[PDB]
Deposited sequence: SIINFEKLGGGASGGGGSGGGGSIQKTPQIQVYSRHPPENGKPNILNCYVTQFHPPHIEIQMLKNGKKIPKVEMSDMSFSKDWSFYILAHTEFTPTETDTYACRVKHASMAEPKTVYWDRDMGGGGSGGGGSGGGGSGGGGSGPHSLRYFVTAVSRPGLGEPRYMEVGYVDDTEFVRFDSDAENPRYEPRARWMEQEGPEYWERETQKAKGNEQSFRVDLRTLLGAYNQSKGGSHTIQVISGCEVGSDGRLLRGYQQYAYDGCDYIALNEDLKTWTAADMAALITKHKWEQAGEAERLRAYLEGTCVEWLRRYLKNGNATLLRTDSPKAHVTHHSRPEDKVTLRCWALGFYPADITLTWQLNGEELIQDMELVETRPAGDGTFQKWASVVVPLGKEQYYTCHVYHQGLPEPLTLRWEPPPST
């Protein structure tokens, strides 16, 4: 259960521009790839994974031979520990030898839309809440969201942009909770929404910003627990427009403010004993709720799907060749791919893509090395994943 938030209630910054709020946009990173191995004439799914951007407003289109594809589904949006947002767009398609596909992204961080073409060739536990409050001048009320994670898997979500916005389960094992739980969480979410609505107005003043601009307040709140069930770390950190604003220190007693506006909040919270209130929630309430949830889904959280791996062979200019090592259909996302030349792990001639969602709950990743034509048998790829009885070692097999 997420804590009931206390207003930031600040009042003045100084427009210094250090790193705590106001606009300082992050450019999106984009990957375009098929869920399944592309085979001409066989239906598949094409993905456009967009990450690392800020602000959260973004426009994504997928194109077929330069023409917009009308039916493109969008996953719900989320954000990372570095505050940047991510989202997955995808569409059904049936690849052919000559049709080109692309994903086009429009975002305030870039002067023009970025088009990226698809190239076939190439223990402990935690209960954390990720909160987003985004003002939208000229587009209605601020959008408010609370997304909860147990061990990094989304299990609950509240999004004010529904019509009768309610807390909804996001993991099937949560359906074990009765109507009282949902009603209570929903009402608490609506109460929290109001505090953030106010805080957004307050921060406009604190940073001397226009009433016509869009702004974001984000929060990461929660507890990390040991195998013995004891608290290892508590978290209560805030960001304004993608930059650290204020955070509770590891001692759960003091705060670290990032700029002048946050100093006003630090002093308010110190005077009101906010840290004390949070320490109580983090050490008790939060942990108690984590156990409760783990009761329903620990088994699910421990499941693993081993990667299926193989090596593909690609031509390069002159005496060269690219060996690409693929890891597919694995879960969870954590994985390590390495290339070795006679015992030594390679660094310099290698290329990796960020681990990405296949769209069906599993993940994908690949690592490549450029090597001399004729020397393919001197290299081996190694795949390390918790789902495997032991690391996989593979080589290019003609």
Quiz item: Where does the model skip over parts of the deposited sequence?
Solution: 123 to 142, 419 to 422
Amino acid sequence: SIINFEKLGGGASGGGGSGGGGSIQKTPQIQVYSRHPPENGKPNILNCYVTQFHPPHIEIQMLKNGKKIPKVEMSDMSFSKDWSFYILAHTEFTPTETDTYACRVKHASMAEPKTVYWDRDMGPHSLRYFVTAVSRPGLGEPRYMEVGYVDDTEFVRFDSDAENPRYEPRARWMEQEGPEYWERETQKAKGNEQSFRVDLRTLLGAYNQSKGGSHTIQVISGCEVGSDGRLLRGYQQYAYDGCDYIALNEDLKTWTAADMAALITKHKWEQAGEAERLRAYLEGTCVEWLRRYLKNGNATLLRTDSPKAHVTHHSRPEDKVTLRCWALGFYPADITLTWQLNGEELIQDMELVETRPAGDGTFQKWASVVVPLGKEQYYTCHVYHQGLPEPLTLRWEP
From here on, numbers count along this sequence of modelled residues.
Practice problem: Look over 331 to 339 and 37 to 45 in the entry and identify the one with the greater average Cα temperature factor. | Solution: 37 to 45
Self-check item: Segment of higher mean CA temperature factor, 276 to 284 or 82 to 90
Solution: 276 to 284
Practice problem: Choose from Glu154, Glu146, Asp161, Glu185 the residue with the greatest Cα B-factor as stated in the PDB record. | Solution: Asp161
Self-check item: Residue selected from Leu323, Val225, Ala258, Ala189 by maximal Cα B factor
Solution: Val225
Exercise. Divide the modelled residues of the chain into thirds by Cα B-factor and specify which third, lowest, middle or highest, holds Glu193.
Key: lowest
Quiz prompt | Relative C-alpha B-factor of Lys64, binned into the chain's lowest, middle or highest third | solution = middle
Practice problem: Would you mind checking where the Cα B-factor of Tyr235 ranks among the modelled residues of its chain, as the lowest, middle or highest third? | Solution: middle
Quiz prompt | Cα B factor band for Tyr245 (lowest, middle or highest third within the chain) | solution = lowest
Quiz prompt | Third of the chain's Cα B-factor distribution that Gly387 belongs to, per the entry | solution = middle
